[PDB]
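Here the structure is laid out as structure tokens; the discussion comes afterwards.
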Amino acid sequence: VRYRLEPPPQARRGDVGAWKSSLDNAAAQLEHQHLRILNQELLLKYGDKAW
Amino acid sequence: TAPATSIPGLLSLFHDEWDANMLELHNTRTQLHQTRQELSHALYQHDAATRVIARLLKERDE
Amino acid sequence: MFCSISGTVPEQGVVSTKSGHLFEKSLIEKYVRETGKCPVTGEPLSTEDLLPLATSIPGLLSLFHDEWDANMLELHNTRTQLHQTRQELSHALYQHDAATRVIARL
Amino acid sequence: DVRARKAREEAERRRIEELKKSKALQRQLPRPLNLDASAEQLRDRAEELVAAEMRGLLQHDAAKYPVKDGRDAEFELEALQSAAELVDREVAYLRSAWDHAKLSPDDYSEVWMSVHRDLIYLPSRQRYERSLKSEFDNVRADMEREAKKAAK
């Protein structure tokens, strides 16, 4: 449920510390996908003979 | 000392600080390129000041 | 694990006690009878010296530790580049005064 | 020979010709993508002069070479250099004036980061003031893009 990467809901919208939690999850998943694409590009660039 | 939530909570804490560090990646990168932008405009501002000073002294002597 | 001569993984690994190098039993047999010595170290190597002997958690945690260190080192050089880009910028904000007061001097 | 001698001269020219443009786009720092009387009178008005001609030179930079990505697929120099050395000279001046002398550029980084921590983006005002959901939705769209990229 956290993975779906969602900002604070109705009862959590107004409070900003909830948007600190959103900073945590949103930034974390952002760099998740960034280093993800890095690893994928790294293998499809390089990995072939390793496999 | 480690959580007696052993694989459930060990994995939840694994993920929690994994992503805390992945978040410390993003904010640090973010202020890094923010400052890269501010430096680019600062170098532009230096060059602009130089243009202004040259124009001013051109006005000065003539 | 690979054969310490060929770069291909041994089908039947043997190990010389002296140097610990992993060799192929026929390949090490040949190099010893020709040379009597070790092909990587150069010490004397005999025919009896050799003993005939990704998804899993040890390798998986090696991969975790790998990505952890690589990330933190990339961000360590990134930390250095940020502090670089604000030492130069901070001397720039230092020097954004004479623009003002020289343009007040002209 | 003489042929390579004219090559010598034009190669010298191309040397200083690459050294021509701004050190800014010579260290490839990011240019904002879209270009779209008492002592006080003189200071304020000529500061606004600096702002105007910085906009001018920035649009000059745009007009030269604006990006070579897939989305897309006056003065001479040493006069400005004389201006720049006047800059750094009187820079040492106002350095020595507003004391600042011994204290360190890293605590200076502390001050910069501390202040530009509380500088928040008001998109309803297109400004920084001393909002967040706009920044998060931008993060979410960037992740949407990165996600489908890594997905293909």
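Just remember, in the structure tokens the first chain shown is A, the second B, etc., residues are 1-based per chain, and ligands are 1-based in the order shown.
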Under the rule of at most 7 Å, produce a per-residue listing of chain B near chain A: chain, number, name, the closest pair of atoms, and the distance in Å, as a Markdown table, using only C-alpha atoms.
| residue | atom | partner | partner_atom | distance |
| --- | --- | --- | --- | --- |
| B:19 | CA | A:28 | CA | 5.3 |
| B:20 | CA | A:24 | CA | 6.9 |
| B:22 | CA | A:28 | CA | 5.0 |
| B:23 | CA | A:28 | CA | 4.4 |
| B:26 | CA | A:27 | CA | 5.7 |
Store the residues picked out above, limited to N, CA and C atoms, as an mmCIF file, in the first residue's frame.
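Final output, saved to selection12.cif:
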data_model
loop_
_atom_site.group_PDB
_atom_site.id
_atom_site.type_symbol
_atom_site.label_atom_id
_atom_site.label_comp_id
_atom_site.auth_asym_id
_atom_site.auth_seq_id
_atom_site.Cartn_x
_atom_site.Cartn_y
_atom_site.Cartn_z
ATOM 1 N N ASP B 19 14.856 2.848 2.547
ATOM 2 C CA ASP B 19 14.207 3.951 1.855
ATOM 3 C C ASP B 19 14.489 5.284 2.527
ATOM 4 N N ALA B 20 14.779 5.289 3.830
ATOM 5 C CA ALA B 20 15.282 6.505 4.462
ATOM 6 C C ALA B 20 16.577 6.959 3.799
ATOM 7 N N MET B 22 17.513 6.034 0.759
ATOM 8 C CA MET B 22 17.180 6.384 -0.618
ATOM 9 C C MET B 22 16.538 7.764 -0.697
ATOM 10 N N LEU B 23 15.870 8.191 0.371
ATOM 11 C CA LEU B 23 15.341 9.539 0.515
ATOM 12 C C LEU B 23 16.426 10.555 0.802
ATOM 13 N N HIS B 26 17.782 11.532 -2.384
ATOM 14 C CA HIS B 26 17.026 12.458 -3.220
ATOM 15 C C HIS B 26 17.158 13.897 -2.751
#
task: Hey, list the chain D side of the contact with chain C: 6 Å cut-off, only C-alpha atoms, answer as an MDAnalysis selection string.
output: chainID D and resid 43 87 90:91
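Between CA of residue 36 in chain A and CA of residue 75 in chain C there is a distance of 16.1 Å.
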Per residue of chain D within 8 Å of chain B, which atom pair is closest and at what distance in Å (one decimal), using only C-alpha atoms, listed by chain and increasing number, as JSON lines?
{"residue": "D:22", "atom": "CA", "partner": "B:47", "partner_atom": "CA", "distance": 7.3}
{"residue": "D:23", "atom": "CA", "partner": "B:43", "partner_atom": "CA", "distance": 7.3}
{"residue": "D:24", "atom": "CA", "partner": "B:43", "partner_atom": "CA", "distance": 5.6}
{"residue": "D:29", "atom": "CA", "partner": "B:40", "partner_atom": "CA", "distance": 5.1}
{"residue": "D:30", "atom": "CA", "partner": "B:37", "partner_atom": "CA", "distance": 5.4}
{"residue": "D:31", "atom": "CA", "partner": "B:40", "partner_atom": "CA", "distance": 6.5}
{"residue": "D:32", "atom": "CA", "partner": "B:37", "partner_atom": "CA", "distance": 7.8}
{"residue": "D:49", "atom": "CA", "partner": "B:52", "partner_atom": "CA", "distance": 7.4}
{"residue": "D:50", "atom": "CA", "partner": "B:49", "partner_atom": "CA", "distance": 6.0}
{"residue": "D:51", "atom": "CA", "partner": "B:48", "partner_atom": "CA", "distance": 7.9}
{"residue": "D:53", "atom": "CA", "partner": "B:48", "partner_atom": "CA", "distance": 6.4}
{"residue": "D:54", "atom": "CA", "partner": "B:48", "partner_atom": "CA", "distance": 5.0}
{"residue": "D:57", "atom": "CA", "partner": "B:48", "partner_atom": "CA", "distance": 7.4}
{"residue": "D:58", "atom": "CA", "partner": "B:44", "partner_atom": "CA", "distance": 7.7}
{"residue": "D:75", "atom": "CA", "partner": "B:51", "partner_atom": "CA", "distance": 7.3}
{"residue": "D:79", "atom": "CA", "partner": "B:54", "partner_atom": "CA", "distance": 6.0}
{"residue": "D:80", "atom": "CA", "partner": "B:50", "partner_atom": "CA", "distance": 4.9}
{"residue": "D:81", "atom": "CA", "partner": "B:50", "partner_atom": "CA", "distance": 7.1}
{"residue": "D:82", "atom": "CA", "partner": "B:54", "partner_atom": "CA", "distance": 7.6}
{"residue": "D:83", "atom": "CA", "partner": "B:50", "partner_atom": "CA", "distance": 4.7}
{"residue": "D:84", "atom": "CA", "partner": "B:50", "partner_atom": "CA", "distance": 5.3}
{"residue": "D:87", "atom": "CA", "partner": "B:50", "partner_atom": "CA", "distance": 7.6}
Sort by chain and increasing residue number a table of all residues of chain C within 12 Å of chain A, each with its closest pair of atoms and their distance in Å to one decimal, counting only C-alpha atoms, and write it as a Markdown table.
| residue | atom | partner | partner_atom | distance |
| --- | --- | --- | --- | --- |
| C:54 | CA | A:51 | CA | 11.1 |
| C:63 | CA | A:39 | CA | 12.0 |
| C:67 | CA | A:35 | CA | 9.4 |
| C:68 | CA | A:35 | CA | 11.4 |
| C:70 | CA | A:35 | CA | 10.8 |
| C:71 | CA | A:35 | CA | 8.8 |
| C:74 | CA | A:35 | CA | 11.4 |
Restricted to N, CA, C and O atoms, what would the selected residues look like written as a PDB file, in the first residue's frame?
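The resulting result_8.pdb:
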ATOM      1  N   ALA C  54      22.391 -17.188  -7.746  1.00  0.00           N
ATOM      2  CA  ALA C  54      22.519 -15.783  -7.388  1.00  0.00           C
ATOM      3  C   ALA C  54      21.431 -15.371  -6.411  1.00  0.00           C
ATOM      4  O   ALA C  54      21.587 -14.413  -5.663  1.00  0.00           O
ATOM      5  N   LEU C  63      24.910  -8.668  -2.673  1.00  0.00           N
ATOM      6  CA  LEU C  63      24.370  -7.720  -3.643  1.00  0.00           C
ATOM      7  C   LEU C  63      23.768  -6.503  -2.945  1.00  0.00           C
ATOM      8  O   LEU C  63      23.930  -5.363  -3.405  1.00  0.00           O
ATOM      9  N   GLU C  67      25.099  -2.656  -3.411  1.00  0.00           N
ATOM     10  CA  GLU C  67      24.342  -1.482  -3.829  1.00  0.00           C
ATOM     11  C   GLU C  67      24.363  -0.410  -2.747  1.00  0.00           C
ATOM     12  O   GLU C  67      24.417   0.785  -3.055  1.00  0.00           O
ATOM     13  N   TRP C  68      24.360  -0.822  -1.476  1.00  0.00           N
ATOM     14  CA  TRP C  68      24.468   0.134  -0.379  1.00  0.00           C
ATOM     15  C   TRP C  68      25.750   0.943  -0.475  1.00  0.00           C
ATOM     16  O   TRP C  68      25.718   2.181  -0.440  1.00  0.00           O
ATOM     17  N   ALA C  70      27.857   1.257  -3.057  1.00  0.00           N
ATOM     18  CA  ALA C  70      27.951   2.012  -4.302  1.00  0.00           C
ATOM     19  C   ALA C  70      27.097   3.270  -4.250  1.00  0.00           C
ATOM     20  O   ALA C  70      27.542   4.347  -4.663  1.00  0.00           O
ATOM     21  N   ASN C  71      25.873   3.162  -3.731  1.00  0.00           N
ATOM     22  CA  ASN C  71      25.029   4.335  -3.557  1.00  0.00           C
ATOM     23  C   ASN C  71      25.677   5.354  -2.632  1.00  0.00           C
ATOM     24  O   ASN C  71      25.732   6.546  -2.963  1.00  0.00           O
ATOM     25  N   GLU C  74      28.669   6.997  -4.336  1.00  0.00           N
ATOM     26  CA  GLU C  74      28.237   7.946  -5.353  1.00  0.00           C
ATOM     27  C   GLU C  74      27.742   9.227  -4.707  1.00  0.00           C
ATOM     28  O   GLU C  74      28.063  10.326  -5.166  1.00  0.00           O
TER      29      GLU C  74
END
message: Please return, as a VMD selection string, all residues of range 4-145 of chain D that DSSP assigns to helix (DSSP H, G or I) on the basis of the backbone.
response: chain D and resid 4 to 18 39 to 62 77 to 97 105 to 118 132 to 145
- prompt: In Å to one decimal, how far is CA of residue 1 in chain A from CA of residue 30 in chain B?
  reply: 25.9 Å
- request: Identify all chain D residues at most 9 Å from chain A by counting only C-alpha atoms; ligands do not count. Present them as a ChimeraX atom specification.
  value: /D:132-133,136-137,139-140,142-143,146-147,149-151
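Relative to CA of residue 103 in chain D, CA of residue 39 in chain D is found at 29.4 Å.
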